[PDB]
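These notes concern the structure reproduced below.
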Amino acid sequence: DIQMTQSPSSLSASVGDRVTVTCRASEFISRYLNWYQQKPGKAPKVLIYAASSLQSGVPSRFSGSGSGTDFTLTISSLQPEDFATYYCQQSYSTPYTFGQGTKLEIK
Amino acid sequence: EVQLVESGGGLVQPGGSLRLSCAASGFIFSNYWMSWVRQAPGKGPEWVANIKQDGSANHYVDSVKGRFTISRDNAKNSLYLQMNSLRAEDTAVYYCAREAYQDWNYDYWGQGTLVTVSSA
Amino acid sequence: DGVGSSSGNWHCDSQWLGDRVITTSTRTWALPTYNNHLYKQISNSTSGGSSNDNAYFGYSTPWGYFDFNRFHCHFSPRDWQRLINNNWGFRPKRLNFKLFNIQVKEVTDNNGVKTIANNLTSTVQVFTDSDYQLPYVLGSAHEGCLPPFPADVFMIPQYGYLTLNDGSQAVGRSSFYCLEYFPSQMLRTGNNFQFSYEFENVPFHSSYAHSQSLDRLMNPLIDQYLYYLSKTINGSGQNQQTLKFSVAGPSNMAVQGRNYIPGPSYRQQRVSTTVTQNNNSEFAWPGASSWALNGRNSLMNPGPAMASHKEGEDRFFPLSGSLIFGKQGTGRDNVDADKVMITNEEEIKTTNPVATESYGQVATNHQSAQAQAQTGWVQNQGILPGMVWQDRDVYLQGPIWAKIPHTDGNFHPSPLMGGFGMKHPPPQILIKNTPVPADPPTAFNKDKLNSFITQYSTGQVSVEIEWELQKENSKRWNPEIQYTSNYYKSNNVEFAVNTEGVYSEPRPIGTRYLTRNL
Amino acid sequence: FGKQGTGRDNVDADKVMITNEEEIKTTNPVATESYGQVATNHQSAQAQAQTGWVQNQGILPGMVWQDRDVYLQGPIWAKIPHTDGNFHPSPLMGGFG
Amino acid sequence: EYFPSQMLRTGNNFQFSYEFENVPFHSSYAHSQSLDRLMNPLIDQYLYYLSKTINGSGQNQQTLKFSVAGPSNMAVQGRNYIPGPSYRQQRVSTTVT
Amino acid sequence: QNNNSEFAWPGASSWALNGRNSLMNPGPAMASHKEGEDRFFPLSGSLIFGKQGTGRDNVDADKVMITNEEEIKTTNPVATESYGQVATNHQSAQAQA
Amino acid sequence: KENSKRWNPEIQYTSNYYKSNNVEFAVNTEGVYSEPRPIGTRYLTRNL
Amino acid sequence: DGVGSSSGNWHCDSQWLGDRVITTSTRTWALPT
Amino acid sequence: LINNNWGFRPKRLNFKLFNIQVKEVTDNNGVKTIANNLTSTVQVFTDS
Amino acid sequence: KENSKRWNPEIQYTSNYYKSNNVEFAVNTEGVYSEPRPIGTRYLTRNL
Amino acid sequence: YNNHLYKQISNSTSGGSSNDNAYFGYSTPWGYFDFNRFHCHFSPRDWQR
Amino acid sequence: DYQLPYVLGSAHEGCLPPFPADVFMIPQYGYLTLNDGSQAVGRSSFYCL
């Protein structure tokens with residue numbers, strides 16, 4: 001299957017900071033890559049899907065870019081609500097695979 | 001609007017069999033692919049199985065092949081996961097998700113049910 | 001007529017008469033029961049992003065069909081040689097089809113041992129789709145055609161079609177077709193079937209190569225009376241701008257004025273058969289030229305007709321710009337390069353741009369005292385007034401005709417995999433075994449009968465095509481290139497059977513040997 | 001098209017009727033999408049394969065297409081301009097050239 | 001005024017007749033197939049395409065692998081006809097947000 | 001008004017055939033210049049005749065006669081201008097057209 | 001045949017464009033033909 | 001006529017001609033005792 | 001029919017019965033064989 | 001004329017039965033004729 | 001129309017914006033008949049039919 | 001029969017002079033065939049007039 005590698009495993013920043021998360025794919029998965037934000041005790045919530053496109057009802061500070069094997073999740077003007085675990089998932093082929101996850105910390 | 005509810009979660013001894021049911025009230029249930037996703041405690045979530053919107057086809061992750069059966073009833077708008085020969089590794093929170101049309105991401109997720117496999 | 005009389009004879013040969021050649025092929029076929037006499041809805045079973053381009057919806061039918069649409073169906077290798085060495089062009093004229101010596105067999109399997117017997121009262125149904133009312137599957141380069149070698153017995157392929165789909169689901173605009181809802185002729189073992197067909201007028205395939213190139217049409221001894229701009233500066237320095245003009249002549253043939261330009265291009269990625277020269281990455285799908293239709297991406301294959309490679313470089317081929325045939329016995333998936341035969345379109349370099357090159361350069365701005373002249377590469381170029389081009393060549397293994405889609409408009413409808421485009425191509429010929437139910441219950445039941453006698457049929461097919469020829473008139477003094485066999489000793493004769501009785505075709509054979517002036 | 005009683009200037013979207021050419025998706029590219037991709041270079045041991053988006057594509061041999069549909073409110077005919085050449089003179093707002 | 005014209009008082013009438021020149025029938029129908037779906041979904045092609053350019057991860061993994069185009073992958077099959085020309089339009093949504 | 005560099009050959013529109021580059025001359029029929037600007041001409045887009053007694057090589061501009069296709073501006077694009085503009089993306093709440 | 005002078009368009013029997021897992025009045029994946037709904041004869045109108 | 005000859009063909013279709021429509025159906029049957 | 005017409009009615013009827021096959025079933029020890037019986041007949045009449 | 005062999009029924013252009021304050025493609029109470037929506041020509045289907 | 005007069009007409013605007021909108025022509029005293037829309041010739045029921 | 005390479009469509013010199021009193025020299029005929037660089041190929045044609 002395809003392996004998804006997410007970097008960095010953990011990150012800490014402050015409100016207003018710019019945060020960037022990188023996801024790498026073992027095989028070409030085209031634009032079918034999703035970013036999910038998850039908070040304890042809740043299901044993962046999709047932020048960005050299909051590489052660049054943003055989910056409706058999600059703040060414009062979340063952005064996504066990349067295609068083929070390399071993708072990046074960008075957060076501008078960080079907020080207290082933003083601190084969570086972030087996953088990159090590939091919906092290109094079965095079995096669908098998720099990234100290890102990036103945890104964000106208050107500073 | 002779109003609601004997914006998971007039921008049948010609970011503790012069972014290893015080798016035990018459990019059945020999970022997903023209820024969907026918010027959309028046309030027969031137009032969408034449905035998946036089962038589990039998240040082990042302290043781990044990232046993991047894809048278990050999906051089934052076709054008419055139920056003609058289905059896919060399973062290798063670890064669970066032969067021990068799980070995904071099933072779909074379109075008239076009752078319910079998704080069923082059948083678990084047999086349960087293991088300690090299998091215990092996780094099970095999530096029922098709907099795969100987005102065209103994009104294929106999980107637009108909607110159920111609250112989920114915790115399922116525990118314990119020796120005791 | 002009768003059980004003990006034969007309803008047809010075996011006709012295989014070619015008749016070369018003047019400007020006409022008539023080929024006749026006879027084969028033996030076997031027809032099974034498909035889908036247990038059922039129509040069945042089918043769709044792609046995959047999920048995810050990858051499925052998107054591969055999504056489909058359609059139906060498989062109990063019917064089979066006859067496909068003679070490859071050239072090696074109608075021509076022996078010697079006849080194909082006799083054609084391509086002596087003629088500048090050819091095209092089909094008439095078609096005659098026969099189906100005869102029908103045998104229906106029943107199979108009773110008991111305790112792992114199967115018995116086969118004649119069922120003399122069973123029928124086989126056949127009809128042609130003369131009104132082009134069914135979806136037309138014969139122009140998709142499919143398997144299941146009559147075998148090139150006359151002694152081989154072949155299985156008849158199952159008919160199926162696709163209709164409109166959204167993902168794997170259908171839409172209200174999607175069509176369903178019952179083939180039982182056509183009138184068809186029913187045949188017991190004494191009956192036979194035939195029909196004749198008339199090809200609509202098509203241009204001669206151009207089975208020749210140009211002995212001139214589009215850019216070399218001038219008289220090499222004479223100047224033009226046209227001028228071109230030779231110098232924009234007197235030399236190095238400031239404020240050296242000038243306009244100088246020269247005559248275009250034998251010394252510089254690149255700047256001469258020309259009346260005609262090469263044809264359209266859609267660039268292909270270039271792949272080498274020397275693998276160390278290729279990039280160390282997977283770029284087969286990702287680096288491929290494609291077109292999108294309703295959200296789905298289709299590979300551009302083979303695409304517009306373009307020269308496969310530049311002169312002197314034969315190790316390169318377009319990524320999906322050529323027709324690739326398998327050698328005999330080649331597997332289905334992930335075979336090596338020596339297992340396949342990559343054809344090339346090197347003959348058409350005279351009028352057509354190279355597949356892996358840009359078409360040319362255009363100006364991207366206005367040069368000025370403050371701005372240098374800028375150019376850009378033209379990666380794809382559509383039709384321009386003054387373009388001339390050649391179509392793709394046809395091969396002994398390749399297709400003959402295609403059906404032109406029924407549309408408001410088309411341009412140069414010649415099909416891109418090669419051959420003759422036709423609004424009314426040779427019709428589809430559908431065949432199935434009539435179901436014979438097993439013994440029903442003795443009390444009435446309204447359900448349809450799902451229990452049948454296992455049964456199959458076999459018989460003979462002959463197809464006859466008249467071909468019109470266009471003879472070579474050339475005044476060329478020196479001898480031509482010809483297609484020929486090689487005298488060197490080998491363990492096998494090419495285009496023959498081996499010691500196990502397997503017929504193979506050593507290499508793909510194109511049509512273009514004789515030359516014509518451009 | 002405008003609905004009955006629709007003003008001349010800066011009307012809202014519910015005041016107009018936007019027709020669509022969704023029927024011709026079978027043979028025609030989507031208006032808002034690229035036609036496809038082409039190779040922009042030669043891949044080599046030192047260079048990865050590169051593609052680019054085709055934003056506009058003129059006629060190629062082997063293309064088939066549908067014309068625009070006609071409407072009850074729409075035009076019937078157009079006059080083909082008198083010129084040395086034209087291609088597929090069918091008028092672009094629909095109808096018979 | 002420099003054309004000849006007929007003058008009509010209240011009792012006069014005017015008429016003329018006109019003959020349309022031959023035009024193609026407007027195609028008032030939609031296609032139940034798509035240009036990319038014309039193949040028989042049950043059968044393979046005898047054509048091959050390039051499936052793999054590398055054996056796997058590593059250095060110097062270049063290879064050429066070829067597969068048959070078939071029902072499993074309909075996107076890579078050889079086709080005789082391609083969709084028509086395009087000139088890209090910008091895409092606007094009726095949902096203004 | 002021209003740039004101080006040699007751009008005659010380097011800045012010329014061309015087409016390639018079997019590896020060889022040919023100047024595009026005169027090329028497709030296009031209007032030589034916009035209205036009001038007659039001092040400009042296409043680099044190799046016009047027919048250029050010599051005056052009587054003009055030498056063969058590197059003659060000045062007053063020794064030749066540059067014809068123009070200004071009459072065809074009504075239907076044809078100007079030779080030195082772009083044809084037009086196309087959309088290169090999908091505009092969205094996060095992306096300008 | 002219908003001779004009517006009605007100006008506005010009639011009610012017609014028609015298929016629905018919305019996507020479905022099956023085409024109505026066709027076979028399913030197991031080859032079973034079904035008739036989705038009963039279809040009457042009365043669509044066109046006449047004056048009383 | 002004979003064992004090895006067919007005594008009829010398969011006719012299914014509709015013909016719409018003016019004010020007349022002609023339907024033809026062919027089916028395969030099984031008759032028990 | 002129903003979209004384009006104000007009325008309809010049947011006129012002529014034509015009926016055919018053909019390609020008759022008579023099968024005999026010999027069942028021995030739980031396994032049944034089916035064969036053609038070429039000399040058997042089927043009776044048909046219409047109640048005119 | 002349409003020659004098709006399609007088994008299932010076509011999409012047709014039709015009026016909607018639901019009650020409304022006005023008949024579509026008619027006058028209103030002030031005598032104003034309107035055209036509710038644009039109507040295209042493409043309903044019947046053909047094989048590609 | 002035009003009090004029986006032919007009159008020369010041209011765009012009244014100035015500036016860069018006018019460029020694409022520039023025109024020159026004539027208005028005439030004459031009128032003309034235009035039946036070139038389909039709803040001229042078809043009722044909604046005929047168009048359906 | 002258009003069997004020779006056709007050089008008349010290349011805008012060459014050697015045409016009849018525009019002014020009728022001028023005496024003109026007849027140009028020499030020549031043609032090009034397929035070439036790889038300055039070398040020929042087996043597909044190249046030679047014509048004896």
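How things are named: the first chain in the structure tokens is A, the next is B, and so on; residues count from 1 in each chain; ligands count from 1 in the order shown.
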
request  = Would you mind writing down, as a ChimeraX atom specification, each residue of range 230-465 of chain C that DSSP on the backbone assigns to strand (DSSP E or B)?
outcome  = /C:230-233,241-247,261-262,265-266,270-272,290-293,296-299,307,316-318,324-326,335,340-342,354,360-363,368,371,375-378,380-381,387-388,399,401-403,409-410,420-422,429-433,437,452,455-465

Need to verify the contact set: residue 14 in chain I, 12 Å, only C-alpha atoms, exclusion of same-chain residues closer than 5 positions in sequence. Can you return it as a compact mmCIF listing (two decimals) with C-alpha atoms, in the first residue's frame?
```
# COMPACT_ATOMS: atom_id res chain seq x y z
CA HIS H 11 -39.39 -11.23 -34.21
CA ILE H 22 -47.39 -2.77 -34.79
CA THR H 23 -45.86 -4.63 -31.89
CA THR H 24 -44.27 -8.06 -32.12
CA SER H 25 -43.07 -10.15 -29.18
CA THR H 26 -41.20 -13.44 -29.21
```

inquiry  = With 10 Å as the limit and counting only C-alpha atoms, what residues in chain H lie close to chain J? Please list them as a list in words.
reply    = residues 13, 14, 15 and 16 of chain H

Output file for the selection above: N, CA, C and O atoms, as a PDB file, in the first residue's frame:
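Listed below is the output, part-v8.pdb:
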```pdb
ATOM      1  N   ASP H  13     -40.096  -6.310 -32.120  1.00  0.00           N
ATOM      2  CA  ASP H  13     -39.905  -4.875 -32.267  1.00  0.00           C
ATOM      3  C   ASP H  13     -41.250  -4.191 -32.409  1.00  0.00           C
ATOM      4  O   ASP H  13     -42.290  -4.846 -32.452  1.00  0.00           O
ATOM      5  N   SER H  14     -41.229  -2.874 -32.474  1.00  0.00           N
ATOM      6  CA  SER H  14     -42.411  -2.091 -32.768  1.00  0.00           C
ATOM      7  C   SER H  14     -42.174  -1.304 -34.043  1.00  0.00           C
ATOM      8  O   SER H  14     -41.059  -0.851 -34.302  1.00  0.00           O
ATOM      9  N   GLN H  15     -43.216  -1.165 -34.846  1.00  0.00           N
ATOM     10  CA  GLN H  15     -43.178  -0.365 -36.060  1.00  0.00           C
ATOM     11  C   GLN H  15     -44.229   0.722 -35.944  1.00  0.00           C
ATOM     12  O   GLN H  15     -45.426   0.432 -35.912  1.00  0.00           O
ATOM     13  N   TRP H  16     -43.786   1.966 -35.884  1.00  0.00           N
ATOM     14  CA  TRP H  16     -44.680   3.108 -35.794  1.00  0.00           C
ATOM     15  C   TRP H  16     -44.878   3.659 -37.196  1.00  0.00           C
ATOM     16  O   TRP H  16     -43.953   4.218 -37.784  1.00  0.00           O
TER      17      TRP H  16
END
```

query = Using only C-alpha atoms, which chain C residues lie at most 7 Å away from chain E, written as JSON, numbers by chain?
reply = {"C": [53, 54, 137, 140, 141, 142, 143, 158, 160, 161, 162, 163, 164, 173, 174, 175, 275, 276, 278, 280, 281, 282, 283, 284, 297, 298, 299, 301, 302, 320, 323, 324, 325, 332, 333, 334, 335, 336, 337, 408, 415, 416, 417]}

query = Which residues, written as a list in words, have at least one atom at most 7 Å from residue 198 in chain C, with only C-alpha atoms counted and residues fewer than 4 positions away on the same chain left out?
reply = residues 93, 94 and 95 of chain C

With N, CA and C atoms kept, could you save the residues just selected as a PDB file, in the first residue's frame?
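Produced file selection_38.pdb, reproduced below:
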```
ATOM      1  N   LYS C  93     -13.900  -2.116 -50.359  1.00  0.00           N
ATOM      2  CA  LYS C  93     -15.018  -1.850 -51.255  1.00  0.00           C
ATOM      3  C   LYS C  93     -16.269  -2.614 -50.853  1.00  0.00           C
ATOM      4  N   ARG C  94     -16.232  -3.938 -50.904  1.00  0.00           N
ATOM      5  CA  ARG C  94     -17.378  -4.776 -50.605  1.00  0.00           C
ATOM      6  C   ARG C  94     -17.025  -5.743 -49.494  1.00  0.00           C
ATOM      7  N   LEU C  95     -18.056  -6.246 -48.840  1.00  0.00           N
ATOM      8  CA  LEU C  95     -17.924  -7.180 -47.739  1.00  0.00           C
ATOM      9  C   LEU C  95     -18.971  -8.263 -47.912  1.00  0.00           C
TER      10      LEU C  95
END
```

task = Could you please tell me, as a ChimeraX atom specification, which residues of chain D have an atom within 12 Å of chain F when using only C-alpha atoms?
result = /D:31-35,52-57,81-86

Could you write those residues out with C-alpha atoms, as a PDB file, in the first residue's frame?
```
ATOM      1  CA  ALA D  31     -15.837  25.201 -20.198  1.00  0.00           C
ATOM      2  CA  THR D  32     -14.094  25.940 -16.890  1.00  0.00           C
ATOM      3  CA  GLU D  33     -11.476  23.173 -17.049  1.00  0.00           C
ATOM      4  CA  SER D  34      -8.216  22.726 -18.879  1.00  0.00           C
ATOM      5  CA  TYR D  35      -8.335  20.594 -21.993  1.00  0.00           C
ATOM      6  CA  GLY D  52       1.698  21.809 -18.327  1.00  0.00           C
ATOM      7  CA  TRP D  53      -1.961  22.634 -18.556  1.00  0.00           C
ATOM      8  CA  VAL D  54      -3.555  23.262 -21.927  1.00  0.00           C
ATOM      9  CA  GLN D  55      -5.783  26.274 -21.385  1.00  0.00           C
ATOM     10  CA  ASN D  56      -6.968  26.534 -24.980  1.00  0.00           C
ATOM     11  CA  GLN D  57      -6.851  23.939 -27.734  1.00  0.00           C
ATOM     12  CA  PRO D  81     -19.665  36.498 -42.799  1.00  0.00           C
ATOM     13  CA  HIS D  82     -18.443  36.722 -46.368  1.00  0.00           C
ATOM     14  CA  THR D  83     -14.801  35.730 -46.156  1.00  0.00           C
ATOM     15  CA  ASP D  84     -12.062  33.719 -47.790  1.00  0.00           C
ATOM     16  CA  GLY D  85     -12.397  31.021 -45.166  1.00  0.00           C
ATOM     17  CA  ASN D  86     -14.355  29.849 -42.175  1.00  0.00           C
TER      18      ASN D  86
END
```

request  = For residue 1 in chain I, please output as a PyMOL selection string all residues within 10 Å (counting only C-alpha atoms; exclusion window: fewer than 2 positions along the same chain).
outcome  = (chain G and resi 1+41) or (chain H and resi 16+21) or (chain I and resi 3-8)

Could you save those same residues with N, CA, C and O atoms as a compact mmCIF listing (two decimals), in the first residue's frame?
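Okay, out-v1.txt is ready:
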```txt
# COMPACT_ATOMS: atom_id res chain seq x y z
N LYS G 1 -54.66 10.56 -32.75
CA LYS G 1 -53.65 11.56 -32.46
C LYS G 1 -54.25 12.80 -31.80
O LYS G 1 -55.39 13.18 -32.05
N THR G 41 -52.13 5.59 -18.56
CA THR G 41 -52.18 6.04 -19.94
C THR G 41 -52.52 7.52 -20.09
O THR G 41 -52.47 8.04 -21.20
N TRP H 16 -43.79 1.97 -35.88
CA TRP H 16 -44.68 3.11 -35.79
C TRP H 16 -44.88 3.66 -37.20
O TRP H 16 -43.95 4.22 -37.78
N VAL H 21 -49.49 1.35 -35.01
CA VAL H 21 -48.27 0.89 -34.38
C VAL H 21 -48.39 -0.62 -34.38
O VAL H 21 -49.44 -1.15 -34.05
N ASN I 3 -47.65 9.61 -24.44
CA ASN I 3 -47.37 11.03 -24.51
C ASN I 3 -47.93 11.67 -25.77
O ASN I 3 -48.20 12.87 -25.78
N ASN I 4 -48.05 10.91 -26.85
CA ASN I 4 -48.40 11.48 -28.14
C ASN I 4 -49.81 11.23 -28.62
O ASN I 4 -50.18 11.75 -29.67
N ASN I 5 -50.62 10.47 -27.91
CA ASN I 5 -51.87 10.00 -28.49
C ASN I 5 -53.02 10.19 -27.52
O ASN I 5 -52.85 10.06 -26.31
N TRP I 6 -54.18 10.52 -28.07
CA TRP I 6 -55.41 10.62 -27.29
C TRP I 6 -56.13 9.30 -27.13
O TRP I 6 -57.00 9.19 -26.26
N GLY I 7 -55.80 8.29 -27.92
CA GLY I 7 -56.49 7.02 -27.81
C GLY I 7 -55.86 5.98 -28.69
O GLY I 7 -55.10 6.28 -29.61
N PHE I 8 -56.19 4.73 -28.39
CA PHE I 8 -55.66 3.59 -29.13
C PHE I 8 -56.60 2.42 -28.94
O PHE I 8 -57.49 2.44 -28.09
```

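Using only C-alpha atoms, one finds that the residues of chain K close to chain J, at 9 Å or less, are residues 44, 47 and 48 of chain K.
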
message = At a cut-off of 12 Å, which residues of chain C touch chain L? Count only C-alpha atoms and give the answer as an MDAnalysis selection string.
response = chainID C and resid 208:227 247:250 253 256:260 310:313 346:347 349:351 472:482 512:518

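CA of residue 404 in chain C lies 17.3 Å from CA of residue 305 in chain C.
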
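Of note, CA of residue 397 in chain C and CA of residue 509 in chain C are spaced 7.7 Å apart.
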
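Distance annotation: of A:100, A:20, A:52, A:12, the residue with the minimal separation from chain F is A:52; atom set is only C-alpha atoms.
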
Starting from chain C, keep only residues with some atom at most 9 Å from an atom of chain I, counting only C-alpha atoms, and report them as a PDB file with N, CA and C atoms, in the first residue's frame.
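And here's selection.pdb as it stands now:
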```pdb
ATOM      1  N   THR C 108     -23.561 -32.893 -20.543  1.00  0.00           N
ATOM      2  CA  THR C 108     -24.158 -33.445 -19.347  1.00  0.00           C
ATOM      3  C   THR C 108     -23.001 -33.877 -18.477  1.00  0.00           C
ATOM      4  N   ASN C 110     -21.837 -35.607 -15.094  1.00  0.00           N
ATOM      5  CA  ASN C 110     -22.249 -36.441 -13.982  1.00  0.00           C
ATOM      6  C   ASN C 110     -21.037 -37.031 -13.277  1.00  0.00           C
ATOM      7  N   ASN C 119     -27.170 -31.893 -29.983  1.00  0.00           N
ATOM      8  CA  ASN C 119     -28.568 -31.549 -29.791  1.00  0.00           C
ATOM      9  C   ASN C 119     -29.049 -31.041 -31.139  1.00  0.00           C
ATOM     10  N   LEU C 120     -29.826 -31.857 -31.841  1.00  0.00           N
ATOM     11  CA  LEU C 120     -30.088 -31.570 -33.241  1.00  0.00           C
ATOM     12  C   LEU C 120     -31.190 -30.549 -33.431  1.00  0.00           C
ATOM     13  N   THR C 121     -32.023 -30.339 -32.425  1.00  0.00           N
ATOM     14  CA  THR C 121     -33.154 -29.441 -32.538  1.00  0.00           C
ATOM     15  C   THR C 121     -32.896 -28.063 -31.956  1.00  0.00           C
ATOM     16  N   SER C 122     -31.724 -27.821 -31.391  1.00  0.00           N
ATOM     17  CA  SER C 122     -31.430 -26.519 -30.825  1.00  0.00           C
ATOM     18  C   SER C 122     -31.097 -25.510 -31.911  1.00  0.00           C
ATOM     19  N   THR C 123     -31.279 -24.241 -31.579  1.00  0.00           N
ATOM     20  CA  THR C 123     -31.013 -23.160 -32.506  1.00  0.00           C
ATOM     21  C   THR C 123     -29.940 -22.234 -31.963  1.00  0.00           C
ATOM     22  N   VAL C 436     -32.268 -23.440 -23.804  1.00  0.00           N
ATOM     23  CA  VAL C 436     -33.133 -24.610 -23.766  1.00  0.00           C
ATOM     24  C   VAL C 436     -33.373 -24.948 -22.299  1.00  0.00           C
ATOM     25  N   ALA C 438     -34.380 -26.778 -18.809  1.00  0.00           N
ATOM     26  CA  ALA C 438     -34.474 -28.137 -18.304  1.00  0.00           C
ATOM     27  C   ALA C 438     -35.930 -28.413 -17.940  1.00  0.00           C
ATOM     28  N   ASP C 439     -36.202 -29.568 -17.365  1.00  0.00           N
ATOM     29  CA  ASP C 439     -37.584 -29.936 -17.110  1.00  0.00           C
ATOM     30  C   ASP C 439     -38.208 -29.025 -16.061  1.00  0.00           C
ATOM     31  N   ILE C 453     -30.258 -26.428 -19.860  1.00  0.00           N
ATOM     32  CA  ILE C 453     -29.340 -27.450 -20.331  1.00  0.00           C
ATOM     33  C   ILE C 453     -28.033 -26.787 -20.733  1.00  0.00           C
TER      34      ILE C 453
END
```
